[PDB]
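Chemist: Dumping the structure here so I can ask a few things about it.
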Amino acid sequence: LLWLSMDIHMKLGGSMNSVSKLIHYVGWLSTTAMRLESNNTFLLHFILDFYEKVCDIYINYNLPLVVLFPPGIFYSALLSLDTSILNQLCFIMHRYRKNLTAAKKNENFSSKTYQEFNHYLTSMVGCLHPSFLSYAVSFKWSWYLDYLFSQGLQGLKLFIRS
Amino acid sequence: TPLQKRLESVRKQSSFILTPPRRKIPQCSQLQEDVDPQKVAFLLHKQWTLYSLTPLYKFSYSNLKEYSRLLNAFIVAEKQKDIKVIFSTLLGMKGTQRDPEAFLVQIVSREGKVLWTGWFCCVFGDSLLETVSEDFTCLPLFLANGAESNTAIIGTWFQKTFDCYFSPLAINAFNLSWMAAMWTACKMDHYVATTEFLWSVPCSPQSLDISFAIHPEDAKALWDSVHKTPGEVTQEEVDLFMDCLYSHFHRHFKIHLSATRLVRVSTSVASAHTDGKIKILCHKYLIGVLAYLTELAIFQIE
Amino acid sequence: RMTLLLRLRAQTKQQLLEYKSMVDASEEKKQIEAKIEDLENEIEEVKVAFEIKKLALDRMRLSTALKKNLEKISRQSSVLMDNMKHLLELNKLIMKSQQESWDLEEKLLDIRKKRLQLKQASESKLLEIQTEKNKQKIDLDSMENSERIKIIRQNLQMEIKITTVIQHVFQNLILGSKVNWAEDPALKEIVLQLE
Amino acid sequence: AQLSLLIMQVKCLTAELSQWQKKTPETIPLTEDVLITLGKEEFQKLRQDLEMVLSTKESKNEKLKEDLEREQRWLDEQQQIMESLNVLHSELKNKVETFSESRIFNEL
Amino acid sequence: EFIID
Amino acid sequence: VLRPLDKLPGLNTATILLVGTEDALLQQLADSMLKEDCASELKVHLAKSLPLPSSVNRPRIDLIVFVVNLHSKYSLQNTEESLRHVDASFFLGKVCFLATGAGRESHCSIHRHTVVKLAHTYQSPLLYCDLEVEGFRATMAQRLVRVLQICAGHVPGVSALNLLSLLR
């Protein structure tokens with residue numbers, strides 16, 4: 505992506531499809547990796563570390579390549595059991611919101636990506685949970720949100736601010 | 025064009041598209057243009073330690089004397105850590131007219155006691171020719187006969203002054219069996235030496251070797267049994283020659299030569315080893331034997 | 039013995055699936079370029095088929111594990127709650143190690159983009175400087191005409207070689223004799239001879 | 055065997071797609087246990103991974119700060135050879151390019 | 302050899 | 003002729019079957035396959051030629067790894083002489099092609115393209131390694147177990163059929 509941002513700076527479509535295919539192939543690697551390892555949270559952390567740099571493509575690298583999760587990764591991070599990967603997924607969703615809104619400005632990335640992203644959005648925003689259950693046991716909806724937010728829930732706060 | 029072409033070449037080679045090559049039988053090579061008969065005949069029955077040499081950067085076949093002086097002053101310098119070095123172009127050891135002309139490097143000691159006579163050649167090596175820039179004179183092959191101490195010092199001088207590097211060429215038993223098959227497939231007459239294949243069984247405590255030293259005519263009539271397509275040798279034909287060896291050795295000794303590995307293939311055309319000390323060049327088919335050797339050194343380079 | 043039993047159940051839920059897939063394949067009774083395209087079509091429609099399967103298994107399992115763990119708040123001291131307090135301590139140490147990673151990585155990306163911009167820009171500038179050196183090379187070819195540059199160049203080479211001899215017989219004649227070398231204003235500007 | 059195995063793969067993958075579509079999530083048997091032995095085992099496994107994923111996100115942060123310092127140093131050295139290369143191009147432009155062969159021989 | 306030499 | 007599903011599986015048993023002419027490397031690879039304490043009862047089977055003399059009570063072979071010693075053409079020609087005793091339902095997921103001796107590249111009587119052509123014309127994974135060194139066995143033997151838990155069905159998400167779709 506560094507060398508493709510300069511390919512926009514230095515004056526596409528066939529190189530575009532290559533980073534998109536790399537993301538889709540890693541998303542194929544990382545959706546069966548959780549099958550071999552039974553959705554191992556240590557592995558899911560690195561998987562979303564990859565997509566931590568996939569959401570922030572348009573805003574960061576100027577490439578119109580906002581590419582979403584495979585369903586098996588987003589839903590297994592939403593239905594995960596530790597808050598440290600849940601809020602990472604929530605932050606990645608917020609960055610996907612930001613990048614899709616930015617891609618709507620300067621302008631497939633327009634129809635199917637927005638459809639699948641709204642699919643992910645309605646699934647998560649309606650679901651927004686045992687990890688949060690554990691956090692609540694550690695403990715008025717706004718008070719609970721503030722307690723979560725003060726306890727390092729940064730990605731959740733960023734996505735809730737949407 | 026100049027670098028990305030080598031990238032594509034490497035990509036294709038690593039891709040491993042089907043490579044049983046219908047290589048042509050080595051053709052009787054009339055000694056082309058000006059090949060010094062004394063010099064060429066001097067290089068024939070001499071055991072060359074094979075090396076794969078990367079292209080010589082900023083090399084020129086005009087500045088022979090000053091390179092000879094720099095290397096001679098460095099050879100005797102490593103003795104400080116009686117010797118003459120004569121760079122000698124060969125003028126005819128090239129496959130295509132665009133190949134870099136082969137040049138020798140001889141450590142001559152009072153009289154012409156040639157101690158080392160190292161040799162660089164690029165014959166039918168137009169697969170690395172079209173991938174280097176103009177500043178590189180690509181000579182994939184390096185042929186040193188002298189002691190390994192002098193070879194591993196002139197190699198250092200060449201690395202220092204040309205940024206060219208010497209990986210020791212090792213002919214695997216696959217290429218060894220290949221060159222064994224095509225060198226009995228030649229149209230040669232008055233066979234110099236028996237067609238010997240030196241095997242080496244993979245025993246852990248012991249190091250047994252086998253010398254399947256066929257009569258050169260009997261290995262030709264045996265090859266004609268496995269030769270069906272003319273002009274070209276197939277990997278099926280090469281493997282059938284090797285399998286006729288295997289099933290005629292196991293028929294007697296009941297040990298599977300296919301379970302072993304080739305280490306040397308002596309032939310009336312050219313003897314060939316595995317560990318590097320490979321090229322004995324008995325017959326003057328050497329423009330094809332060296333063609334195989336350069337196309338194998340190109341493989342190690344690229 | 040129950041966790042091992044669950045491992046058995048998960049293994050035989052899948053070995054049965056293998057058996058049934060083979061049975062159906064044997065129940066069933076060309077374009078090799080597309081025989082892998084309608085084969086890759088399977089592992090994209092199988093993938094959707096047993097991807098939603100896992101996202102429903104995880105959903106219906108985490109729902110129970112939420113309801114099952116919802117009975118631990120009403121439970122007594124449950125030292126696993128003390129363990130989950132350490133889990134809460136572990137979480138903040140990660141998501142505050144991610145807050146930094148959301149700023150350190152952003153600064154690193156900005157620095158890398160700046161560096162790549164100044165790398166391609168430097169390659170452009172250095173290529174311009176090198177082609178300007180090539181433009182100086184035809185100025186060198188303006189010297190290779192050799193009608194009067196060659197003769198004076200050869201005179202320079204054949205007269206400095208006399209000026210690098212008499213000079214070096216001053217470093218060896220203001221040395222060997224009773225020189226009194228630098229205690230003299232005259233030889234002082236002639237000693238310290240410029241190269 | 056390539057074609058006869060591609061055909062077998064297609065035949066078996068069609069059966070697998072027909073079987074996965076048949077597979078309703080079988081949570082109706084579940085586990086007669088109160089599932090605490092499973093929930094608090096997954097929570098324990100989290101503590102055995104969050105202890106280790108914190109140990110790798112701390113290493114990532116360490117190699118991120120070290121690489122940030124190294125990249126800042128490299129960017130400083132890149133800016134220096136940026137300004138230096140630009141001023142060298144500007145200077146050598148119409149400094150040594152304004153060299154005549156006759157003026158060159160006059161300097162000789 | 303077939304035990305010929 | 004061996005079949006993948008003629009026998010019922012065990013309970014936690016994942017029984018691989020290494021097929022190679024040299025049995026010293028096969029024994030070393032089997033020792034490395036059980037050196038780690040995995041969660042599956044690995045009953046490794048060794049062999050030289052897949053004909054495999056007909057002995058009943060043999061477990062449901064969940065994997066066959068054709069260890070093809072690239073140093074020796076016998077280990078190949080016997081492998082193709084053992085590939086004609088395999089099911090077309092066995093090559094889908096439960097067949098791997100180990101290529102030992104490769105990487106040394108100076109003893110290889112077989113070009114590594116010939117073994118990749120062999121393993122691609124049977125549409126099965128080809129896993130390269132070097133069985134003579136332990137440092138490359140213990141990291142490759144743990145690859146033959148994680149493949150074995152896939153084909154035996156021990157990972158409850160991935161079939162043997164799903165495996166070659168991942169290793170294609």
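Chains as they are written, first to last, in UniProt numbering: chain S, 505 to 515, 526 to 621, 631 to 651, 685 to 695, 715 to 737; chain X, 25 to 105, 116 to 143, 152 to 344; chain C, 39 to 67, 76 to 241; chain W, 55 to 162; chain P, 302 to 306; chain Z, 3 to 170.
Note that beta-carbon positions come from the ideal geometry of N, C-alpha and C, so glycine has one too.
For chain Z, check one thing: does any of its Cβ atoms lie closer than 8 Å to the Cβ of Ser300/X?
Modeler: With 8 Å as the cut-off, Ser300/X counts as an interface residue toward chain Z.
Chemist: Anyone know if the C-beta pair for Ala215/X and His109/Z falls short of 8 Å?
Modeler: Against a cut-off of 8 Å, the Cβ pair of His109/Z and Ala215/X comes out as a contact.
Chemist: Between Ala102/C and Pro158/Z, how many whole angstroms is the CB-CB distance? I'm expecting something under 8 Å.
Modeler: Contact doesn't hold; Cβ gap of about 14 Å is too wide.
Chemist: Taking 8 Å as the cut-off, decide whether the C-beta atoms of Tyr76/Z and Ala301/X are in contact.
Modeler: Going by C-beta atoms, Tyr76/Z is nearer than 8 Å to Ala301/X.
Chemist: Which residues of the stretch 55-75 of chain W have a Cβ closer than 7 Å to any Cβ of chain Z? Give them in chain order.
Modeler: If the cut-off is 7 Å between Cβ atoms, the stretch 55-75 of chain W has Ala55, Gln56, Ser58, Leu59, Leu60, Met62, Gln63, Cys66, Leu67 and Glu70 near chain Z.
Chemist: So the candidates are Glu86/C, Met60/C, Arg45/C and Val92/C; which of them puts its Cα closest to the Cα of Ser552/S?
Modeler: When only C-alpha atoms are compared, the closest one is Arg45/C.
Chemist: Within the same chain, show all residues whose beta-carbon is closer than 6 Å to that of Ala333/X, passing over the 5 residues directly before and after it, in chain order.
Modeler: Excluding sequence neighbours, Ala333/X sits near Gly129, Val165 and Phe166.
Chemist: Who are the neighbours of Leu100/W on chain S, taking C-beta pairs under 8 Å?
Modeler: Those are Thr555, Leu595 and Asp596, listed as they occur along chain S.
Chemist: Could you give the first and the last residue of the continuous alpha helix (DSSP H) run that contains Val141/W?
Modeler: Residues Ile90 to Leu146.
Chemist: Compare the beta carbon distance of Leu52/Z and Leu4/Z with 8 Å and say whether it is the shorter of the two.
Modeler: Yes, these two residues count as a Cβ contact at 8 Å.
Chemist: Taking Cβ to Cβ, would you say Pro79/X is nearer than 8 Å to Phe178/X?
Modeler: Going by C-beta atoms, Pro79/X is nearer than 8 Å to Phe178/X.
Chemist: Ordered along the chain, which non-local residues of its own chain (more than five positions away) have a Cβ less than 8 Å from that of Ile195/C?
Modeler: Answer for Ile195/C: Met189, listed in chain order.
Chemist: Using a cut-off of 7 Å between C-beta atoms, extract the partners of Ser91/Z located in chain C.
Modeler: Near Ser91/Z (Cβ distances below 7 Å), the residues of chain C are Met60.
Chemist: Does the beta carbon of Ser161/Z come closer than 8 Å to any beta carbon on chain W?
Modeler: At least one chain W Cβ lies under 8 Å of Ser161/Z.
Chemist: Of all the options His143/W, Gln133/W and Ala55/W, which has the alpha carbon lying nearest to the alpha carbon of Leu172/C?
Modeler: For the residues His143/W, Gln133/W and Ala55/W, the minimum Cα distance to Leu172/C belongs to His143/W.
Chemist: For a quick check, are the C-beta atoms of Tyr565/S and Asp104/C less than 8 Å apart?
Modeler: In this structure, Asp104/C does not lie closer than 8 Å to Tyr565/S by Cβ.
Chemist: I'd like the list of long-range same chain contacts for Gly273/X, defined as Cβ closer than 7 Å, with 5 residues on each side in sequence excluded.
Modeler: Within the same chain, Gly273/X has close Cβ partners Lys48 and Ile49.
Chemist: Please name the residues in the stretch 106-140 of chain C whose beta-carbon is closer than 8 Å to at least one beta-carbon of chain W, in chain order.
Modeler: Taking 8 Å as the Cβ-Cβ cut-off against chain W, the residues of the stretch 106-140 of chain C that qualify are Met106, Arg107, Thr110, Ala111, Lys114, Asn115, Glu117, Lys118, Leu126, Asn129, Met130, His132, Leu133, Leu136, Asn137, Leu139 and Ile140.
Chemist: On the three-state DSSP scale, how would you describe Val3/Z?
Modeler: Coil at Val3/Z, not helix or strand.
Chemist: Once DSSP output is grouped into helix, strand and coil, what is the label at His642/S?
Modeler: Note: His642/S maps to helix in three-state DSSP.
Chemist: Please list the segments of the beta strand (DSSP E) lying wholly inside the stretch 283-308 of chain X, counting only runs of 3 or more residues, in order along the chain.
Modeler: As far as the stretch 283-308 of chain X is concerned, its whole beta strand (DSSP E) runs of at least 3 residues are 303-308.
Chemist: If you follow the alpha helix (DSSP H) that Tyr75/X is part of, which residue opens it and which one closes it?
Modeler: Premise fails: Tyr75/X lies in the beta strand (DSSP E), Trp72 to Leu77, not in any alpha helix (DSSP H).
Chemist: Assuming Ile89/C and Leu57/W form a contact by the criterion Cβ under 8 Å, report the distance between their Cβ atoms to the nearest whole angstrom.
Modeler: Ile89/C to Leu57/W, Cβ: 19 Å. No contact.
Chemist: From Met130/C to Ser124/C, what does the alpha carbon distance come to, in whole angstroms?
Modeler: Distance between the alpha carbons of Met130/C and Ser124/C is about 10 Å.
Chemist: Is it true that the stretch 572-588 of chain S meets the stretch 685-695 of chain S, where meeting means three or more beta-carbon pairs spaced less than 8 Å apart?
Modeler: Touching, no.
Chemist: Counting only beta-carbon atoms, is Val157/Z nearer than 8 Å to chain S?
Modeler: Closer than 8 Å to some Cβ of chain S, the Cβ of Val157/Z qualifies, so yes.
Chemist: Taking the alpha helix (DSSP H) that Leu54/C belongs to, which residues open and close that run?
Modeler: First-last of the alpha helix (DSSP H) with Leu54/C: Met40 to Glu65.
Chemist: Could you tell me the alpha carbon to alpha carbon distance between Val307/X and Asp168/X, rounded to whole angstroms?
Modeler: Their backbone Cα atoms lie some 27 Å apart in a straight line.
Chemist: So, is the C-beta of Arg86/Z closer than 8 Å to a C-beta in chain S?
Modeler: Not an interface residue.
Chemist: From this set, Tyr124/Z, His113/Z, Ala101/Z and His122/Z, which residue's C-alpha is nearest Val21/Z's C-alpha?
Modeler: Residue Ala101/Z is the option with its Cα nearest to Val21/Z.
Chemist: Kindly indicate which three-state DSSP category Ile587/S falls into: helix, strand or coil?
Modeler: Note: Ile587/S maps to helix in three-state DSSP.
Chemist: Terminal residues of the continuous alpha helix (DSSP H) containing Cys66/W?
Modeler: Note, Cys66/W: alpha helix (DSSP H), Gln56 to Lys76.
Chemist: Output, in chain order, the set of chain C residues within a Cβ distance shorter than 7 Å of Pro11/Z.
Modeler: Within 7 Å Cβ-Cβ: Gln53.
Chemist: Check whether the Cβ of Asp103/W lies closer than 8 Å to any Cβ atom in chain S.
Modeler: For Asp103/W, the answer is yes, since a Cβ of chain S falls inside 8 Å of its Cβ.
Chemist: Quick test of your reading: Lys319/X and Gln71/X, contact by CB under 8 Å. State the CB separation rounded to the nearest angstrom.
Modeler: Rounded, the Cβ-Cβ distance is 6 Å, consistent with contact.
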